[PDB]
Amino acid sequence: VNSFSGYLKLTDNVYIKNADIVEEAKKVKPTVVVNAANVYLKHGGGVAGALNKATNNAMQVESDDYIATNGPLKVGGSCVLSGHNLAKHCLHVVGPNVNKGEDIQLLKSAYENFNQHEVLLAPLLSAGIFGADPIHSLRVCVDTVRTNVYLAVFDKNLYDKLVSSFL
Ligand SMILES: Cc1nc(Cn2cnc3c(N)nc(N)nc32)cs1
């Protein structure tokens, strides 16, 4: 048993809900929230900007120290940092940004990072302003993640399209 509520069950291990990731995290206080990060951990918009804003910029302060010590992440890679007031941990995962010209094949590699955690609250990686097809991202998630993942889709119209098109 876990604290997640109001989810559509997609498969054995993947669940989905129409929710803003910030509101959904503050309610559950999951062990792990996934951030849709970039390699520089510059949390400007999308999921990253919203989560960071909810931490009063503490996520960005922690992230800048991480980058100063370690350098940038890889596209497809991740790091575990604090979840601040949103979760125990934040898993910062870099999916390919189609609007940066990055290879979409790296989306599977990005989702593989989720398998290092038994349960996660997460957005759809590489969707929204990262420019990939959300239907595709959901399919890659289902076909890659084996641990228990609770997906949040904020756009209602997108949520409706994802449910009705899911095989
Ligand atoms: C770069 C990416 N953007 C998304 C979509 N997206 C944007 N803002 C939110 C938000 N507040 N909550 C949720 N669940 N998804 C969001 C997914 S990856």
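At a glance:
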| item | result |
| --- | --- |
| Some residue of the range 13-22 being under 18 Å from residue 121 (Cβ atoms) and free of Cβ contacts under 8 Å to residues at least 12 places away in the same chain | no |
| Odd one out for residue 120, checked against (1) within 12 Å of the chain's Cα centre (by Cα); (2) of a type in the set (A, V, I, L, M); (3) within 10 Å of the ligand (Cβ to nearest atom) | (3) |
| The lone exception for residue 119 - which of (1) surrounded by fewer than 19 Cβ atoms within 10 Å (Cβ to Cβ); (2) touching a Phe, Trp or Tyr at 6+ places or on another chain (Cβ under 8 Å); (3) without any contact (Cβ under 8 Å) to a residue 40 or more places away in the chain it fails | (3) |
| Unique match (being more than 13 Å from the ligand (Cβ to nearest atom) and of a type outside the set (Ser, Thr, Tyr)) among 142, 149 | 142 |
| Unmet criterion (only one of (1) within 13 Å of the ligand (Cβ to nearest atom); (2) over 12 Å from the mean Cα position of the chain (by Cα)) for residue 72 | (1) |
| Boolean, residue 63 is away from the ligand (no atom under 13 Å from the Cβ) and farther than 21 Å from residue 140 by Cα | yes |
| Total residues in the range 122-158, condition assigned to a helix (DSSP H, G or I), surrounded by 15 or more Cβ atoms within 10 Å (Cβ to Cβ) and in contact with a strand residue (DSSP E or B) (Cβ under 6 Å, 6 or more places away or on another chain) | 1 |
| Considering residues of the range 84-106 that are out of contact with any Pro (no Cβ under 6 Å at 6 or more places or on another chain) and part of a helix (DSSP H, G or I) only, the residue surrounded by the most Cβ atoms within 10 Å (Cβ to Cβ) | 98 |
| Flag if residue 137 is more than 15 Å from the ligand (Cβ to nearest atom), within 14 Å of residue 93 (Cβ to Cβ) and not aliphatic (A, V, I, L, M) | no |
| Top-ranked residue of the range 1-55 - restricted to ones that are within 14 Å of the ligand (Cβ to nearest atom) and of a type in the set (S, T, N, Q), ranked as nearest to the chain's Cα centre (by Cα) | 35 |
| Pairs, first over 18 Å from residue 28 (Cβ atoms) in the range 133-156, second of a type in the set (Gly, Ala, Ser) and more than 12 Å from the ligand (Cβ to nearest atom), C-beta under 8 Å, six or more apart | 135/165 |
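When we count neighbours, we look across all protein chains shown, and the Cβ atoms used for this are built from the backbone with ideal geometry, even at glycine. Each value in this text was obtained by applying a stated rule to the coordinates, not by laboratory testing.
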